Each structure stands twice: as structure tokens, then as C-alpha cells.
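Taking it in order: structure first as C-alpha cells, then the write-up.
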Amino acid sequence: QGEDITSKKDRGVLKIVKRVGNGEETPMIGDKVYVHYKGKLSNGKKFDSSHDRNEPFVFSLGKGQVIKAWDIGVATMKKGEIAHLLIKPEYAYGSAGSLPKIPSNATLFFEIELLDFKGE
Amino acid sequence: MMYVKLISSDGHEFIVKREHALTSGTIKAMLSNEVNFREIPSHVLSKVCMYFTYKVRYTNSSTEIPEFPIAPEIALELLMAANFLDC
Amino acid sequence: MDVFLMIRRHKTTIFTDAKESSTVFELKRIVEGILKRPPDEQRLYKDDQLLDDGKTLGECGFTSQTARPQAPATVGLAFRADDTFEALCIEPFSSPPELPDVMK
Amino acid sequence: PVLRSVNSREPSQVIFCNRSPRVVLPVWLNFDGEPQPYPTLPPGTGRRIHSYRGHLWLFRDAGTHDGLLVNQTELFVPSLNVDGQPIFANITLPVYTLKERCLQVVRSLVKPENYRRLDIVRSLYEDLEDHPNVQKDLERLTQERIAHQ
């Protein structure tokens, strides 16, 4: 019951809002983005969490510093929004995968909370 | 180990494994058993000997090396000697 | 557990290493081979304390942590003459010059 | 620019282990080969850090920029191993020459405008002033790679 937000519209990145954000603005290419996020494999039990690390996750949007899925997904989020993403291998680690923690052709699922985004 | 003798200006005799002394280029050339340094005193030449001990020991060490310490009062004369001794 | 030493008498100073497990006797032998005097003609000291031939450098209080290549521990040596042993006497090293002003 | 990070986008888990008595500055050469400072490591400290295959690093004294070693060499470049095991970066002091060590200490004790006021041969004033320098090092290393056909 979720929204495809790929260009090719291959359902390679489905999205569902869970907590609606505030403001009309969204993060743009090159913005410095702040999030919290849980993240886990689809067919899988263990999760990775910024809450554990005790520090928010900070990256530059649109600049290929995270998986293709995140550059796409986060760019649709309003400040304070929480969203679920479900990602096909092509839009993450692909066939190669990333040992130790990402298998080959692994389908990922994330929860993200956009905290803030500022200009370069 | 066979040994060599290094006499400071103030007349202290330092006896050290020859292999260790060869750390100094200047000494290496000078051995072409005993060597007199008329311009290096014992508070300096003693410290040079310690460096040979340090170097010969901790070359080849592959995990962790300690600092070779130098006291402010000797740094400058140790510098002059290191430069003279080529080591 | 290697230990690094200065063996000191009068104006003489020997640099050498040994094991903590090695004995005072073993050390006197090293002395014998350099300064050409037999063990029975030598006495070794740690500060002002005579050291029995059969104790280990270990048991005498020397540790690798306190006898490092860059800061070796000192062992006092004294020789016998005719019927009687000299007292322990180590000539001190020179005293460094005053720290130059720009180094203070 | 010969010495630079490749943009591999292939993550690689590294352990920075500071087995030097210095505070260590890790220096990341970026994609244009231009050095970038990273958070410093206390002596004795170890940390798992995030990096990537083919990313070039070197490590220095955070204060004096004296050069340090990593795995007994000047540069570190993570290669992927199979099964994803971490890559260890073991940071140590080199066995400096006595001369270089003496220069290190005098520099820490004398302000650089005052080297000229030391009573030493001119060559040593020069030597004092020839501070360790990332850019000179990078140039030296560039030529070593090149000359290894």
C-alpha cells in the first residue's frame, strides 16, 4: 500500500509516511541533512540504529555519500517527518552486496526521521 | 659482542658493543678499539650510548616503540653531538 | 623480560643487557670478559646494597619496566685489591650548562 | 595528482590504533589528493572508523606534524578482504635518528623566532627551521611510486 518514488517507476524504492512533518520545504541537492534511523534487512531480525550510537546520522544529500535509495527518499521528507522505505538491491548494494553485513541482492528496510537540513 | 671504548672530554670511559657504536657514521669511519671525544662531556656522551642501545633494540620492532626522551638541559648539546656523530 | 644496564665503577661505565632471570654471577662474568678480573674479585650493588651471586637480577629488584634501553638501570661494581675490597665509588657524570634563556 | 583517494564507494571497516605516545592526527587525502584533517587520537587509543577501498591516509603528530608510521610504512590504503573482516591500522613512532629527535625537542622548547638566538652552527639553524611538512612528504612519496615502474 506504499508509493513508488523512482524515476523508472520500478518500485525499487517504496515509501510510506508514518509521522507527517512540518513546513513546506524539503532538503535539496547538497544540503547537510540530520536524521535518526533504524535500518534492517527485509528477511532479517537484527537492526542498525543511530539511537544506539547516541549521535544523529549526518550526510550531504544528493552527493552519492549514501545508497541511491536514500538520496531519493530523504529528498522527499519534510522536517520532522518519519517514513518507511523498502529498497530493492539495484538501489543499494546490488549483486556485489557489502560483507560483512549486507548479503548479495539484499532487500533493505529503513525507518527515517528527518531532524533538520541546512544550506552548504 | 666484542666491545669498544668511548672517552668523554671529562674523562669518563664508555664501553659498548661495537655493533651498537656503528650506529654512528662518524665512529664507523673512525674505526678504519678506543675513541676519544675531546669536545663531548659525559652527561652527553652517556646519553648517546643510550641511543645506540635504543636504536639497535627497536629497529625491527613491528608493534610499538617507546619515545627516546631528552631533557631540556641536554637537548642542545645532544643535538650538536648527534650532528657531529651522524646518527 | 630483558633489562638494560649501566655497570659503573670509578670512571668506567659498561652498557649491556641481560634477562631478569639471569644471575648476578652471570653479570660478573660479563664484567670479567671486559675488564679482565675474576668474579671472586668483584662485588655488585643496586644503590648501596650488595648483591648475592646466586640471586637473579629479578630478585635483586631490577625490572624491564625500570631498566629500559633509553634509560638503563645502574649496577654498582667494586674490585678487590691484595687482601681487601675497595668501597663502592661511582664518579658522577658532568653537570649540564644553564638552560639558555630562549629554552627556559 | 598521483597520490589520491579513489571514489570506490566500497565501504571498509578500519581500526585506528594509536600505539604512539603522541596525539595522532589522521590525515585523509581526498579525491584531488588534497589533505584533510580528521579527529585526533589520544595515545593508546583504539577506534573502529568508517572508510572505503582505495582511500589513502597518513598519520601525524597533531601538534608538531612529525611523521608517524602505520603498519611500518608511511601510507595506509584499505583493501577489501573477503568476508568483510576489519583492517587494522597500527600507528607507531618511527625510530627517529638522534639528530631528528634532538631537533624535535629543541623545537618544542624554543619559539621559532628564537632559533637565530641559539649558539649553534648555521646548518643546525637551517635544520631546526626545516619543519616536518605534509606537502614535502607527499611529493617525496609521489616520486617513490613513480620510480617503482
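Following the order of the C-alpha cells, chains are lettered A, B, ..., residues in each are numbered from 1, and ligands are numbered from 1.
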
Once you count only C-alpha atoms, which residues of chain C turn out to be within 7 Å of chain B? Could you give them as an mmCIF file with N, CA, C and O atoms, in the first residue's frame?
```cif
data_model
loop_
_atom_site.group_PDB
_atom_site.id
_atom_site.type_symbol
_atom_site.label_atom_id
_atom_site.label_comp_id
_atom_site.auth_asym_id
_atom_site.auth_seq_id
_atom_site.Cartn_x
_atom_site.Cartn_y
_atom_site.Cartn_z
ATOM 1 N N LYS C 11 85.420 5.748 36.901
ATOM 2 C CA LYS C 11 85.101 6.500 35.694
ATOM 3 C C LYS C 11 84.726 5.541 34.555
ATOM 4 O O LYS C 11 84.592 5.972 33.410
ATOM 5 N N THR C 12 84.453 4.264 34.883
ATOM 6 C CA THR C 12 84.120 3.257 33.890
ATOM 7 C C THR C 12 82.632 2.910 33.950
ATOM 8 O O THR C 12 82.033 2.833 35.020
ATOM 9 N N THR C 13 82.065 2.694 32.755
ATOM 10 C CA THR C 13 80.634 2.514 32.537
ATOM 11 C C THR C 13 80.424 1.534 31.370
ATOM 12 O O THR C 13 80.822 1.800 30.227
ATOM 13 N N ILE C 14 79.844 0.361 31.680
ATOM 14 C CA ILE C 14 79.594 -0.668 30.683
ATOM 15 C C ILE C 14 78.103 -0.684 30.360
ATOM 16 O O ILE C 14 77.245 -0.658 31.254
ATOM 17 N N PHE C 15 77.811 -0.685 29.052
ATOM 18 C CA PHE C 15 76.447 -0.846 28.605
ATOM 19 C C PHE C 15 76.246 -2.312 28.250
ATOM 20 O O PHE C 15 77.071 -2.878 27.537
ATOM 21 N N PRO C 69 66.199 0.424 27.389
ATOM 22 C CA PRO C 69 67.369 0.730 26.581
ATOM 23 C C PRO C 69 67.707 2.221 26.612
ATOM 24 O O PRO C 69 68.891 2.576 26.586
ATOM 25 N N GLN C 70 66.656 3.068 26.666
ATOM 26 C CA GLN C 70 66.792 4.521 26.603
ATOM 27 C C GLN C 70 66.992 5.138 27.993
ATOM 28 O O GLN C 70 67.228 6.343 28.128
ATOM 29 N N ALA C 71 66.897 4.310 29.034
ATOM 30 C CA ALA C 71 67.000 4.776 30.407
ATOM 31 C C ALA C 71 67.401 3.584 31.255
ATOM 32 O O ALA C 71 66.592 3.026 32.001
ATOM 33 N N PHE C 93 78.605 11.806 36.402
ATOM 34 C CA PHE C 93 78.664 12.492 35.124
ATOM 35 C C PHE C 93 78.734 14.016 35.296
ATOM 36 O O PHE C 93 78.406 14.564 36.354
ATOM 37 N N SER C 94 79.181 14.690 34.229
ATOM 38 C CA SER C 94 79.228 16.139 34.198
ATOM 39 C C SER C 94 77.838 16.727 34.476
ATOM 40 O O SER C 94 76.800 16.070 34.342
ATOM 41 N N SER C 95 77.848 17.988 34.903
ATOM 42 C CA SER C 95 76.637 18.744 35.156
ATOM 43 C C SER C 95 76.310 19.640 33.955
ATOM 44 O O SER C 95 77.133 20.439 33.497
ATOM 45 N N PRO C 96 75.074 19.564 33.405
ATOM 46 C CA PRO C 96 74.756 20.273 32.174
ATOM 47 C C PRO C 96 74.834 21.778 32.404
ATOM 48 O O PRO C 96 74.625 22.258 33.511
ATOM 49 N N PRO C 97 75.118 22.564 31.357
ATOM 50 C CA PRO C 97 75.082 24.017 31.441
ATOM 51 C C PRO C 97 73.710 24.577 31.766
ATOM 52 O O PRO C 97 72.710 23.872 31.725
ATOM 53 N N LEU C 99 70.317 26.260 31.333
ATOM 54 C CA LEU C 99 69.412 26.253 30.200
ATOM 55 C C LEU C 99 69.538 27.619 29.531
ATOM 56 O O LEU C 99 69.395 28.626 30.211
#
```

Would you kindly return, as a ChimeraX atom specification, each protein, DNA or RNA residue with an atom no farther than 8 Å from any atom of region 127-141 of chain D, considering only C-alpha atoms and excluding same-chain residues fewer than 4 positions away? /D:3,64-67,103,106-107,112,115,123,145

Please report, as a ChimeraX atom specification, each residue of chain D to which DSSP assigns strand (DSSP E) when run on this structure's backbone. /D:11-18,24-29,35-37,46-52,57-61,69-70,87-92

Counting only C-alpha atoms, chain D residues within 8 Å of chain C, as a ChimeraX atom specification: /D:106,109-111,114,117-118

So that I can check the surroundings of region 8-18 of chain A, please list as a ChimeraX atom specification every protein, DNA and RNA residue that reaches within 8 Å of it, counting only C-alpha atoms and ignoring chain neighbours fewer than 4 positions away. /A:2-4,69,73,81-88,90-91

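For region 80-95 of chain D, the non-local neighbours within 6 Å, defined as residues at least 4 positions apart in the same chain or in other chains and counting only C-alpha atoms, are residues 99 and 100 of chain A; 64 of chain B; 13, 14, 15, 16, 17, 18, 19, 20, 68, 69, 70 and 71 of chain D.
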
Can you pull out every residue within 6 Å of residue 42 (chain C), counting only C-alpha atoms, but drop anything in the same chain fewer than 2 positions away, and send it as number ranges by chain? C: 39-40, 78-79

Please, which residues of chain A, numbered as in this document, come out alpha helix (DSSP H) from DSSP, as a PyMOL selection string? chain A and resi 50-53+68-73

Next, write the just-selected residues to a file, as a PDB file, in the first residue's frame, keeping N, CA, C and O atoms as the atom set.
```
ATOM      1  N   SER A  50      20.861   4.637  14.838  1.00  0.00           N
ATOM      2  CA  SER A  50      21.591   5.818  15.268  1.00  0.00           C
ATOM      3  C   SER A  50      21.369   6.077  16.758  1.00  0.00           C
ATOM      4  O   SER A  50      22.209   6.698  17.407  1.00  0.00           O
ATOM      5  N   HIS A  51      20.223   5.638  17.295  1.00  0.00           N
ATOM      6  CA  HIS A  51      19.922   5.851  18.706  1.00  0.00           C
ATOM      7  C   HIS A  51      20.953   5.135  19.575  1.00  0.00           C
ATOM      8  O   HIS A  51      21.352   5.642  20.620  1.00  0.00           O
ATOM      9  N   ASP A  52      21.385   3.962  19.106  1.00  0.00           N
ATOM     10  CA  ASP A  52      22.416   3.178  19.768  1.00  0.00           C
ATOM     11  C   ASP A  52      23.715   3.986  19.791  1.00  0.00           C
ATOM     12  O   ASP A  52      24.255   4.224  20.865  1.00  0.00           O
ATOM     13  N   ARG A  53      24.175   4.453  18.622  1.00  0.00           N
ATOM     14  CA  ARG A  53      25.402   5.241  18.513  1.00  0.00           C
ATOM     15  C   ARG A  53      25.300   6.534  19.352  1.00  0.00           C
ATOM     16  O   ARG A  53      26.313   7.138  19.690  1.00  0.00           O
ATOM     17  N   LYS A  68      21.768   4.955  -3.330  1.00  0.00           N
ATOM     18  CA  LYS A  68      20.938   5.727  -4.255  1.00  0.00           C
ATOM     19  C   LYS A  68      19.551   5.910  -3.619  1.00  0.00           C
ATOM     20  O   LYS A  68      18.978   6.992  -3.677  1.00  0.00           O
ATOM     21  N   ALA A  69      19.041   4.896  -2.918  1.00  0.00           N
ATOM     22  CA  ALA A  69      17.712   4.949  -2.322  1.00  0.00           C
ATOM     23  C   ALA A  69      17.539   6.125  -1.359  1.00  0.00           C
ATOM     24  O   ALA A  69      16.463   6.719  -1.298  1.00  0.00           O
ATOM     25  N   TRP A  70      18.578   6.449  -0.583  1.00  0.00           N
ATOM     26  CA  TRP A  70      18.456   7.477   0.451  1.00  0.00           C
ATOM     27  C   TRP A  70      18.455   8.892  -0.158  1.00  0.00           C
ATOM     28  O   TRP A  70      17.656   9.745   0.237  1.00  0.00           O
ATOM     29  N   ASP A  71      19.363   9.137  -1.118  1.00  0.00           N
ATOM     30  CA  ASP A  71      19.395  10.374  -1.886  1.00  0.00           C
ATOM     31  C   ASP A  71      18.005  10.672  -2.461  1.00  0.00           C
ATOM     32  O   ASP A  71      17.600  11.835  -2.521  1.00  0.00           O
ATOM     33  N   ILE A  72      17.268   9.621  -2.853  1.00  0.00           N
ATOM     34  CA  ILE A  72      15.922   9.757  -3.404  1.00  0.00           C
ATOM     35  C   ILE A  72      14.907   9.987  -2.282  1.00  0.00           C
ATOM     36  O   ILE A  72      14.129  10.943  -2.330  1.00  0.00           O
ATOM     37  N   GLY A  73      14.923   9.100  -1.283  1.00  0.00           N
ATOM     38  CA  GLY A  73      13.891   9.090  -0.265  1.00  0.00           C
ATOM     39  C   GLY A  73      13.918  10.328   0.622  1.00  0.00           C
ATOM     40  O   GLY A  73      12.880  10.956   0.813  1.00  0.00           O
TER      41      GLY A  73
END
```

Near residue 22 (chain C), within 12 Å and counting only C-alpha atoms, which residues show up once chain neighbours fewer than 6 positions away are dropped, as number ranges by chain? C: 1-3, 28-30, 53-60, 62-63

How would the residues just chosen look if you wrote them out with N, CA, C and O atoms as an mmCIF file, in the first residue's frame?
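Saved the output as out08.cif:
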```
data_model
loop_
_atom_site.group_PDB
_atom_site.id
_atom_site.type_symbol
_atom_site.label_atom_id
_atom_site.label_comp_id
_atom_site.auth_asym_id
_atom_site.auth_seq_id
_atom_site.Cartn_x
_atom_site.Cartn_y
_atom_site.Cartn_z
ATOM 1 N N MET C 1 61.789 -10.929 29.255
ATOM 2 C CA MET C 1 61.905 -9.736 30.132
ATOM 3 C C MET C 1 63.374 -9.341 30.138
ATOM 4 O O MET C 1 64.093 -9.730 31.058
ATOM 5 N N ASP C 2 63.819 -8.610 29.101
ATOM 6 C CA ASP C 2 65.189 -8.101 29.041
ATOM 7 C C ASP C 2 65.344 -6.875 29.943
ATOM 8 O O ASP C 2 64.379 -6.147 30.131
ATOM 9 N N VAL C 3 66.533 -6.689 30.531
ATOM 10 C CA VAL C 3 66.843 -5.471 31.258
ATOM 11 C C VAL C 3 68.142 -4.887 30.711
ATOM 12 O O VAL C 3 69.068 -5.613 30.343
ATOM 13 N N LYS C 28 78.676 -10.746 36.489
ATOM 14 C CA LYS C 28 80.085 -10.639 36.838
ATOM 15 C C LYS C 28 80.940 -11.287 35.758
ATOM 16 O O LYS C 28 82.079 -10.881 35.553
ATOM 17 N N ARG C 29 80.409 -12.327 35.110
ATOM 18 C CA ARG C 29 81.163 -12.998 34.067
ATOM 19 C C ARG C 29 81.314 -12.040 32.898
ATOM 20 O O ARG C 29 82.388 -11.970 32.303
ATOM 21 N N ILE C 30 80.233 -11.307 32.595
ATOM 22 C CA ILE C 30 80.272 -10.324 31.525
ATOM 23 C C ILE C 30 81.339 -9.281 31.849
ATOM 24 O O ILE C 30 82.160 -8.949 30.990
ATOM 25 N N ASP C 53 75.661 -13.542 44.588
ATOM 26 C CA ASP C 53 75.965 -14.113 43.279
ATOM 27 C C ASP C 53 74.833 -14.972 42.710
ATOM 28 O O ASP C 53 74.721 -15.092 41.491
ATOM 29 N N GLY C 54 74.026 -15.587 43.584
ATOM 30 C CA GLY C 54 73.008 -16.539 43.176
ATOM 31 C C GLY C 54 71.590 -15.964 43.121
ATOM 32 O O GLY C 54 70.672 -16.675 42.728
ATOM 33 N N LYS C 55 71.381 -14.704 43.518
ATOM 34 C CA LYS C 55 70.085 -14.082 43.282
ATOM 35 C C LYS C 55 69.993 -13.726 41.795
ATOM 36 O O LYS C 55 71.001 -13.611 41.101
ATOM 37 N N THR C 56 68.763 -13.629 41.284
ATOM 38 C CA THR C 56 68.533 -13.159 39.928
ATOM 39 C C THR C 56 68.399 -11.638 39.951
ATOM 40 O O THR C 56 67.913 -11.076 40.934
ATOM 41 N N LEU C 57 68.802 -10.984 38.852
ATOM 42 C CA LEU C 57 68.564 -9.563 38.668
ATOM 43 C C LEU C 57 67.113 -9.276 39.013
ATOM 44 O O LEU C 57 66.809 -8.241 39.603
ATOM 45 N N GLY C 58 66.247 -10.220 38.645
ATOM 46 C CA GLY C 58 64.844 -10.183 39.009
ATOM 47 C C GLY C 58 64.662 -10.009 40.509
ATOM 48 O O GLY C 58 64.083 -9.020 40.954
ATOM 49 N N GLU C 59 65.222 -10.943 41.274
ATOM 50 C CA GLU C 59 65.057 -10.952 42.715
ATOM 51 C C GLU C 59 65.768 -9.753 43.348
ATOM 52 O O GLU C 59 65.346 -9.290 44.405
ATOM 53 N N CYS C 60 66.806 -9.218 42.692
ATOM 54 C CA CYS C 60 67.524 -8.072 43.226
ATOM 55 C C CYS C 60 66.741 -6.776 43.067
ATOM 56 O O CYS C 60 67.227 -5.759 43.540
ATOM 57 N N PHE C 62 65.596 -5.386 39.916
ATOM 58 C CA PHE C 62 65.646 -4.849 38.568
ATOM 59 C C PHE C 62 64.475 -5.373 37.746
ATOM 60 O O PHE C 62 64.284 -6.587 37.693
ATOM 61 N N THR C 63 63.733 -4.469 37.087
ATOM 62 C CA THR C 63 62.661 -4.862 36.184
ATOM 63 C C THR C 63 62.868 -4.210 34.823
ATOM 64 O O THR C 63 63.407 -3.123 34.725
#
```

So that I can see what lies close to residue 41 (chain C), please list as a VMD selection string the residues with an atom at most 12 Å from it, counting only C-alpha atoms and leaving out residues fewer than 5 positions away in the same chain. chain C and resid 25 28 to 29 31 to 32 35 to 36 77 to 86
